[PDB]
Amino acid sequence: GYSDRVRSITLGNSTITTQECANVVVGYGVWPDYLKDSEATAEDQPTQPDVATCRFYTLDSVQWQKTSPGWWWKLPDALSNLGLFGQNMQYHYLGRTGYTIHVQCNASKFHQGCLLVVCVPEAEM
Amino acid sequence: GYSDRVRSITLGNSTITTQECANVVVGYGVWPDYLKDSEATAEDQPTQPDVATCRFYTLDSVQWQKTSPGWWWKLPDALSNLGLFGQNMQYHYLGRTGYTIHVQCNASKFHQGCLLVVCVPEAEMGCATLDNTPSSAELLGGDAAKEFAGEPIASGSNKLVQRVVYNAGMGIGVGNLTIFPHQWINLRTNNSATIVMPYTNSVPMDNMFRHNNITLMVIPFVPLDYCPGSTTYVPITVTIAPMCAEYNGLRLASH
Amino acid sequence: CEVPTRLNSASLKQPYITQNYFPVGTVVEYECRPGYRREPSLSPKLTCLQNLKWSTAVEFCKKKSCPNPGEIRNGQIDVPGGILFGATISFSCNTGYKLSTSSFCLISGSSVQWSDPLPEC
Amino acid sequence: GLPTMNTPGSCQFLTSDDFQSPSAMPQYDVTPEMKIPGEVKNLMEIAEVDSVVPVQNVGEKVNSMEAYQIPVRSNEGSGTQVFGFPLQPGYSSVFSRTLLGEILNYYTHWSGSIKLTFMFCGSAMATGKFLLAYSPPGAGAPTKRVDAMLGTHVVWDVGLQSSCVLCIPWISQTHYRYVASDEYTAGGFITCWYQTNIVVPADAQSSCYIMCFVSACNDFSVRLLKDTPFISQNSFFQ
Amino acid sequence: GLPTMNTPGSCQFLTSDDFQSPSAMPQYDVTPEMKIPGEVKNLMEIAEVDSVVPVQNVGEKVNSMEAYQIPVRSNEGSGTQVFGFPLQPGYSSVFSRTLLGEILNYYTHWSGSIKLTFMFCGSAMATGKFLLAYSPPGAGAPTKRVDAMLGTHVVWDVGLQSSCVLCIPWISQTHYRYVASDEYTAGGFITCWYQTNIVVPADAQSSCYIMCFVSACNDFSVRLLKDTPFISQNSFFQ
Amino acid sequence: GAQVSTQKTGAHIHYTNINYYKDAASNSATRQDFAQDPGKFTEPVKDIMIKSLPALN
Amino acid sequence: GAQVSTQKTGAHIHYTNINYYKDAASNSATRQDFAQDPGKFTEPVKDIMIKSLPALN
Amino acid sequence: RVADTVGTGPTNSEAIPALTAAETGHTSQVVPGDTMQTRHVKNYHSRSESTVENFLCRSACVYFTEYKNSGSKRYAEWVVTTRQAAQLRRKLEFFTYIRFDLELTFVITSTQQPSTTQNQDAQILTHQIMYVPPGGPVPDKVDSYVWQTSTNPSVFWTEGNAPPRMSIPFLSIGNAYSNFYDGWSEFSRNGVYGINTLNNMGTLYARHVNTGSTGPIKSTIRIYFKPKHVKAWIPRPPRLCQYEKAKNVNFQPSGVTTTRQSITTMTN
Ligand SMILES: CCCCCCCCCCCCCCCC(=O)O
């Protein structure tokens, strides 16, 4: 048989497993894909590494304290210096990618709390 | 109509044109390609950039003088720090690519000379001292060209490479090198020489930092000569384009 | 039984060295000779069996490791034989600098150290 | 008299030869075979079963069971290292005495994938997440989680299923790797890091242990009979 | 007991023999072959590629590249000689170390035609014409152009195509010629002469060089394995 | 009454065998029996365990 | 299971071969593989070059 | 069979078979019938002795060492390498990558040494040759337990019989042997440089199984290598200079050829 609280994700040479997960939110109902010929504007041929660029990168950790307000991350900036992704976007002038975000917190049955994990497009401050 | 002295080559976002060229030498008759499923050994999926990696990179120029012995270049080492190619081979453990070499020299109808342009696979070299082995700095020159020597290098307590031009540092015969895919630049006939080399090795993939597969050797067989009044500075330029390059084993960058 | 088996790594403990009569069921203990370090898994004891033959003996000690050689400025260190007790490293210099030439890992006190210090070049 | 000619290699005793020879007991009647459970046909059948890996073989820990326990405890920090060792089943002291290592030490070449199974042996109220990474050679052992994340890794979430399997693939240029220590046939490095922090409720031990099992994959293979270094003898027994 | 009889030549070790012998490593699995560019099936494939001929091997010229350059310059005269050497690929110092010569020195008999390719390496404004002649033996080396014209010659005109090929045919009574020096199997003489004079414009160098390549023809063949004289040794290496 | 069988050759040419003695214990060794069944040692459990499903559910 | 092949005789009478071992590395040497292809070393160029035509035209 | 010549006649055409450009590097495929008049003669010659096999398929001594039945040197050892001698090394170095099976043959000869022991009546000596693959227990002494040769291959020969011979398959972790290597043992371009890094063929030992006589005797074993089933790739120029070491290609510089009187000399 199955449960629905277990989910594995495989990308590149990396894998992510989960034993207690909710469903998976998919953007605005759209799955990321490549650019079509009837919607492109630049004329030279693009490069698609597809293995090294498309893999799970793990940023640092942050301690959650009894009085923590919250944290924010800019994704094009967060991965700018990490892996081939950073080298690719460095040499190139134009780029196009979709981001899958996994945020994990570990606790017991005697700990309580609640986090909102949200992706804001164009978060001008 | 057509002539056959004009040839254009297009790779990535780069193009090379020629007005006076000989034919194009194609390795051992084999055109570079990718690795097949029935001949691979590593199991993870390879990356194939195919645009940025497969483009013409132009190394520095060297002046050809009336007394120049010759120069040599290790191709895995020459492009190690140049472009995405260097970044790709840096992070990855295994690599596989074929190299197309274009060497160009420019002169007049009153200048004379002759260069041999040859690609040697596995050009293992010797040391001035019979005991001991050559140092990495002496064997590998990156971002620059290494030069042969007209007279024998002295033997002492040293790790210098024997650079004699007549022994090509391998102790063999410079004339017999033609066994390797080669070409000539005769200043009265052709401005440039182009050689296309496939991937030659005994294993399917190899680490591109500890092993150099092929070495390019430009050797003047007839010295440059001209009469007073004509241009005295004649440079030689080398453009290398990687072809069908694939990499495996993504790991932390190696410096 | 006869004299216990000679082993390169260890040496017979006192006073068994000054003893020539070993009855059956006699245990002898060894100790690590310089530099040699004792191996925790193996136990250095041998027993005279009924056949008047000693028990199977294996090297109970291993060579001590000298410290890392370091990094000589403007110089190349050649390590052909590791950095264990009794090895020899070679000091060389790059083209354009003038330079001892070699150092030996030897027992100096209670541990092993290199002999010649790193030169200047 | 049929004229024949004797070639070199005559009246010689090559130990690995295959000839017929006259039977010393002619027309002997052997006991008929009977069905016996667990018949071995191939050595690889033995190499594909799990064997506990003595990871913590430090000091006197090899003289007890503590050599098998990986000590993970809750700490006021994140991204620290749990363990790390090289991928040398034949040579590394970690895998030398495992079933896989004991079978490899009889051969000279090995080729295939390695399966590592990690089982959490803590309380039922403890939780955690770990990063299990493998880095092929070329750059040294990763010293921090940022460098180990770039390799082949798995993020293990501790829950109802207490065991997670990390599969080290075959990323060697050579078809076969040497069992002995050769720097040409380098293997890589295997490491583990705290992904988050161990979460333990009050009145529950905060210091736990992990266990590790190793097994050969379906593609595994070995290719040259030799003699094990470990076996020894000073004189004929008894 | 099958009655047999042993003939002479029993229990002897002839180095060039072809017998079967028991395998020392039974049921060994070899690494599967892979496509490698440039496979050699025949030595003649190597002998049919060009190799630069050290013609000017006079004095210290062998210790540089000057051994490969043939020095042709404009002079106030006509009909002088440029070079000349005998047709002895195995024995003559000129062809001894060329690919063809290095392959011939492993054999004892040779038979076929020789291709000589001459490439002009002067200015693009220089011109000339040369007579390339071959004279079979019986009368000595021709001393002047009138005597060398009577042999097998080609008149080469220097122009856009800078290379001309002179094909020395097989005019030997014997089917195979000895690689070593034998006066019975004489080869002949190969010479070159100024047909006209080098014509050079003002402000253009009047001293040029020619280069020479040698290659085996399609009919070439060799017939007796032996040991090269050049290879030597005083004691085992290392 | 001879037996002709294939030899051990590399991937990517027949041999002949005759028995001279009458005891079946004097024949050569059986070097070419490549048959495996590791399901007795790996996976000796009673209820089948599919790989993708959870082990204990 | 024997192989009958022609021998090396002069121009201008069969031999029999049986394999006794089962390893394919113990057979005799392959002395009769007369196949050539010098087009990889001679003429490795990309555009074909007819003999009678000028090389550079 | 070699190609036969074709009969031709005179010619006054525009076809220029002789004129060509060697700048391309294309070897001209001209035949004598192109630059002269020729007869038609059938050619019956054959390139059967020029094949790679017939070239390298011959026995060649690659090493020999001496061991005694008393004193210090009681057994002999050799680290397998084909670079010890010059002839077979130079024949093999014609190619970059070679794949071949090996036919090993051993010749063992004994000799009585000068002494003063009276009443010498020897018996037949038997020799044991044990091969240890890399990583095995190497003999430390002549009466070592390792001589059991359970897994390890061994050959026993009694003096007066035919020399021992065995066949070894293509042993290599790669897809072909490498005569040349342009790299370092470490990924950092430091350490061993050259073909020595690739070498890893193990060690071969030899001993007297019995003392035989009360007097001294010295034996010498000779190793012979005959390549068979040979496949080769990428040819390279022959070694002009003389060899100096077995682990490296280091050499002393030498001239291209031998010097004559002038450029118009028909004699050496
Ligand atoms: C009973 C005695 C057995 C002896 C076995 C000896 C095996 C030697 C194998 C040598 C193979 C050829 C080595 C080539 C080395 C190279 O060119 O890289």
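Counting only residues that are exposed (fewer than 13 other Cβ atoms within 10 Å of the Cβ) and more than 21 Å from the chain's Cα centre (by Cα), how many does the range G:37-51 have?
Number of matching residues: 3.
In the range C:36-52, is there at least one residue being over 15 Å from C:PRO4 (Cβ atoms), in contact with a strand residue (DSSP E or B) (Cβ under 8 Å, 6 or more places away or on another chain), assigned by CATH to the domain that holds C:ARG6 and part of a strand (DSSP E or B)?
Checking the range C:36-52: at least one residue is over 15 Å from C:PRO4 (Cβ atoms), in contact with a strand residue (DSSP E or B) (Cβ under 8 Å, 6 or more places away or on another chain), assigned by CATH to the domain that holds C:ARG6 and part of a strand (DSSP E or B).
Which numbered condition trips up H:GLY160, out of (1) within 14 Å of the ligand (Cβ to nearest atom); (2) of a type in the set (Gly, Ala, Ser); (3) more than 7 Å from chain D (Cβ to nearest Cβ); (4) part of a loop (DSSP other than H, G, I, E, B)?
(1)
Are there any pairs, at least 6 apart or on different chains, whose C-beta atoms fall under 7 Å, with the first in the range H:1-18 and part of a loop (DSSP other than H, G, I, E, B) and the second of a type in the set (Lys, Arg), and if so, which?
H:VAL2/H:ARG47; H:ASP4/H:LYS42; H:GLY7/H:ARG39; H:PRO17/G:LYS51
Taking only pairs six or more apart or across chains, which ones have beta-carbon atoms under 6 Å, a first residue in the range H:67-94 that is of a type in the set (D, E, K, R), and a second residue that is within 13 Å of the ligand (Cβ to nearest atom) and part of a strand (DSSP E or B)?
Sorted first by the residue in the range H:67-94, then by its partner, the pairs are H:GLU77/H:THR203; H:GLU77/H:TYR205.
Every residue in the range E:66-95 that is surrounded by fewer than 22 Cβ atoms within 10 Å (Cβ to Cβ), polar (S, T, N, Q) and within 14 Å of chain B (Cβ to nearest Cβ), please.
E:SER74, E:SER93
Can you confirm whether G:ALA25 is farther than 30 Å from E:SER162 by Cα, in contact with a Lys or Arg (Cβ under 6 Å, 6 or more places away or on another chain) and hydrophobic (A, V, I, L, M, F, W, C)? Step through it out loud before you land on a result.
Values: farther than 30 Å from E:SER162 by Cα: yes; in contact with a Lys or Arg (Cβ under 6 Å, 6 or more places away or on another chain): no; hydrophobic (A, V, I, L, M, F, W, C): yes.
So G:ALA25 does not fit the description; no.
Under the condition of being part of a helix (DSSP H, G or I) and among the aliphatic types (A, V, I, L, M), which residue from the range H:75-92 is farthest from the ligand (Cβ to nearest atom)? Break it down stepwise before answering.
We begin by selecting, within the range H:75-92, every residue part of a helix (DSSP H, G or I); these are H:87-92.
Those left that are additionally among the aliphatic types (A, V, I, L, M): H:88, H:92.
Values: H:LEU88: 10, H:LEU92: 7 Å.
Ranking the candidates gives H:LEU88 first.
Of all residues in the range G:12-36 being part of a loop (DSSP other than H, G, I, E, B) and more than 7 Å from every other protein chain (Cβ to nearest Cβ), which is nearest to the chain's Cα centre (by Cα)?
Looking only at the range G:12-36, we keep the residues that are part of a loop (DSSP other than H, G, I, E, B), and these are G:12-14, G:18-36.
In the following step, the residues that additionally are more than 7 Å from every other protein chain (Cβ to nearest Cβ) were identified as G:13-14, G:32.
Values: G:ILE13: 21, G:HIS14: 19, G:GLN32: 7 Å.
Among residues in the range G:12-36 that are part of a loop (DSSP other than H, G, I, E, B) and more than 7 Å from every other protein chain (Cβ to nearest Cβ), the one nearest to the chain's Cα centre (by Cα) is G:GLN32.
I'd like to check something: does the range H:102-111 contain any residue that is outside any strand (DSSP E or B) and small (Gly, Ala, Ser)?
Applying the first criterion (outside any strand (DSSP E or B)) to the range H:102-111 yields none.
No, the range H:102-111 contains no residue that is outside any strand (DSSP E or B) and small (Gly, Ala, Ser).
Keeping to the range D:99-149, report how many residues are at the interface with another protein chain (Cβ under 8 Å from one of its Cβ atoms), farther than 19 Å from D:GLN173 by Cβ and not in a helix (DSSP H, G or I).
Total satisfying the criteria: 10.
What's the total number of residues in the range H:163-179 that are near the ligand (Cβ under 10 Å from one of its atoms) and outside any strand (DSSP E or B)?
8
Condition first: more than 30 Å from D:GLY138 (Cβ to Cβ) and surrounded by fewer than 18 Cβ atoms within 10 Å (Cβ to Cβ). Can you find one or more residues in the range B:77-85 that meet it?
Initially, the range B:77-85 is screened for residues more than 30 Å from D:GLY138 (Cβ to Cβ), giving none.
Checked the range B:77-85: no residue is more than 30 Å from D:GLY138 (Cβ to Cβ) and surrounded by fewer than 18 Cβ atoms within 10 Å (Cβ to Cβ).
How many residues does the range C:42-58 contain that are basic (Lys, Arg) and within 9 Å of another protein chain (Cβ to nearest Cβ)?
Restricting attention to the range C:42-58, the residues satisfying the condition of being basic (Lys, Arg) are C:45, C:53.
Remaining after also requiring within 9 Å of another protein chain (Cβ to nearest Cβ): C:53.
The number of residues fulfilling the criteria is 1.
Please give the number of the condition H:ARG99 fails out of (1) among the charged types (D, E, K, R); (2) more than 16 Å from the ligand (Cβ to nearest atom); (3) at the interface with chain E (Cβ under 8 Å from one of its Cβ atoms).
Looking at each condition in turn, H:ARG99 falls short on (2).
Is one or more of the residues making up the range C:63-75 within 27 Å of H:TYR145 (Cβ to Cβ) and assigned by CATH to the domain that holds C:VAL3? Can you show your working first?
As a first pass, look at the range C:63-75 and keep what is within 27 Å of H:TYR145 (Cβ to Cβ): C:63.
Subsequent filtering for residues that are assigned by CATH to the domain that holds C:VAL3 retains C:63.
Yes, the range C:63-75 contains a residue that is within 27 Å of H:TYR145 (Cβ to Cβ) and assigned by CATH to the domain that holds C:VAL3.
Which of the residues belonging to the range A:1-14 are assigned to a loop (DSSP other than H, G, I, E, B) and surrounded by 10 or more Cβ atoms within 10 Å (Cβ to Cβ)? So that I can check it myself, show each step before the final result.
Within the range A:1-14, the first condition is being assigned to a loop (DSSP other than H, G, I, E, B), and the residues that meet it are A:1-6, A:12-13.
Once the filter is applied, which keeps residues that are assigned to a loop (DSSP other than H, G, I, E, B) and surrounded by 10 or more Cβ atoms within 10 Å (Cβ to Cβ), the range A:1-14 yields A:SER3, A:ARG5, A:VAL6, A:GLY12, A:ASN13.
Residues in the range B:135-146: is at least one part of a loop (DSSP other than H, G, I, E, B) and within 22 Å of H:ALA246 (Cα to Cα)?
Going residue by residue through the range B:135-146, those that are part of a loop (DSSP other than H, G, I, E, B) are B:135, B:140-145.
In the following step, the residues that additionally are within 22 Å of H:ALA246 (Cα to Cα) were identified as B:135.
So far as the range B:135-146 goes, yes, one or more of its residues are part of a loop (DSSP other than H, G, I, E, B) and within 22 Å of H:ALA246 (Cα to Cα).
Considering the range H:181-209 alone, what residues qualify as being within 30 Å of E:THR15 (Cα to Cα) and either away from the ligand (no atom under 14 Å from the Cβ) or outside any strand (DSSP E or B) (or both)? Spell out how you get there, then give the answer.
Of all residues in the range H:181-209, those within 30 Å of E:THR15 (Cα to Cα) come to H:195-196, H:198-209.
Once the filter is applied, which keeps residues that are within 30 Å of E:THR15 (Cα to Cα) and either away from the ligand (no atom under 14 Å from the Cβ) or outside any strand (DSSP E or B) (or both), the range H:181-209 yields H:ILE195, H:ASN196, H:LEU198, H:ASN199, H:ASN200, H:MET201, H:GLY202, H:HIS208, H:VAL209.
The rows are residues; the columns are (1) within 7 Å of another protein chain (Cβ to nearest Cβ); (2) among the aromatic types (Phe, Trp, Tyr); (3) not in a strand (DSSP E or B).
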{"residue": "B:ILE16", "(1), (2), (3)": "no, no, no"}
{"residue": "B:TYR28", "(1), (2), (3)": "yes, yes, yes"}
{"residue": "B:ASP33", "(1), (2), (3)": "no, no, yes"}
{"residue": "B:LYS36", "(1), (2), (3)": "no, no, yes"}
{"residue": "B:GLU39", "(1), (2), (3)": "yes, no, yes"}
{"residue": "B:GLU43", "(1), (2), (3)": "yes, no, yes"}
{"residue": "B:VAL51", "(1), (2), (3)": "yes, no, yes"}
{"residue": "B:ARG55", "(1), (2), (3)": "no, no, yes"}
{"residue": "B:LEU59", "(1), (2), (3)": "no, no, no"}
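Anything in the range B:184-226 that is under 15 Å from B:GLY70 (Cα atoms) and not hydroxyl-bearing (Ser, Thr, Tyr)? List them, or say none. Walk me through it before giving the result.
Taking the range B:184-226 first, the residues under 15 Å from B:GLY70 (Cα atoms) are B:184-185, B:215-224.
Result: B:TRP184, B:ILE185, B:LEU216, B:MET217, B:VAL218, B:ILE219, B:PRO220, B:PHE221, B:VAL222, B:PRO223, B:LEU224.
Using the structure shown, decide if H:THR65 is facing chain E (nearest Cβ under 10 Å), surrounded by 18 or more Cβ atoms within 10 Å (Cβ to Cβ) and either within 13 Å of the ligand (Cβ to nearest atom) or outside any loop (DSSP other than H, G, I, E, B) (or both).
Working: facing chain E (nearest Cβ under 10 Å): yes; surrounded by 18 or more Cβ atoms within 10 Å (Cβ to Cβ): no; either within 13 Å of the ligand (Cβ to nearest atom) or outside any loop (DSSP other than H, G, I, E, B) (or both): yes.
No: the conditions fail for H:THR65.
Name the residue that is farthest from D:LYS226 (Cα to Cα), counting only residues in the range H:126-145 that are hydrophobic (A, V, I, L, M, F, W, C) and within 14 Å of the ligand (Cβ to nearest atom).
Going through the qualifying residues, I end up with H:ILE129.
Answer with yes or no whether H:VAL80 is buried (at least 18 other Cβ atoms within 10 Å of the Cβ), within 8 Å of the chain's Cα centre (by Cα) and of a type in the set (A, V, I, L, M, F, W, C). Steps first, answer last, please.
Numbers: buried (at least 18 other Cβ atoms within 10 Å of the Cβ): yes; within 8 Å of the chain's Cα centre (by Cα): no; of a type in the set (A, V, I, L, M, F, W, C): yes.
Answer is no for this residue.
State whether one or more residues within the range F:30-45 are closer than 30 Å to G:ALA29 by Cβ and among the hydroxyl-bearing types (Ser, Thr, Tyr).
Yes: the range F:30-45 contains one or more residues that are closer than 30 Å to G:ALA29 by Cβ and among the hydroxyl-bearing types (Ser, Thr, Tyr).
Return the residues of the range E:5-37 that are part of a strand (DSSP E or B) and away from the ligand (no atom under 16 Å from the Cβ); say none if nothing qualifies.
Looking only at the range E:5-37, we keep the residues that are part of a strand (DSSP E or B), and these are E:5-6, E:23.
Once the filter is applied, which keeps residues that are part of a strand (DSSP E or B) and away from the ligand (no atom under 16 Å from the Cβ), the range E:5-37 yields E:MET5, E:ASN6.
Can you tell me which of H:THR257, H:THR220, H:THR264 is more than 16 Å from the ligand (Cβ to nearest atom) and over 26 Å from the mean Cα position of the chain (by Cα)?
On the way: H:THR257 fails: over 26 Å from the mean Cα position of the chain (by Cα); H:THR220 fails: over 26 Å from the mean Cα position of the chain (by Cα).
Testing whether each residue is more than 16 Å from the ligand (Cβ to nearest atom) and over 26 Å from the mean Cα position of the chain (by Cα) leaves just H:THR264.
So is E:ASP219 more than 8 Å from chain H (Cβ to nearest Cβ), among the charged types (D, E, K, R) and assigned to a loop (DSSP other than H, G, I, E, B) or not?
No: the conditions fail for E:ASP219.
Considering only residues that are in a loop (DSSP other than H, G, I, E, B) and surrounded by fewer than 21 Cβ atoms within 10 Å (Cβ to Cβ), which ones fall in the range H:137-152? Break it down into steps so the answer makes sense when it comes.
Of all residues in the range H:137-152, those in a loop (DSSP other than H, G, I, E, B) come to H:137-144, H:149-152.
If the condition is that a residue be in a loop (DSSP other than H, G, I, E, B) and surrounded by fewer than 21 Cβ atoms within 10 Å (Cβ to Cβ), then H:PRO137, H:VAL138, H:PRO139, H:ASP140, H:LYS141, H:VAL142, H:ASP143, H:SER144, H:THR149, H:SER150, H:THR151 are the ones that fit.
Basis: the model, the stated rules and, where named, an outside source; nothing here is a laboratory result. Quick reminder, even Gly has a Cβ in these numbers, built from the backbone with ideal geometry, and neighbours come from all protein chains shown.
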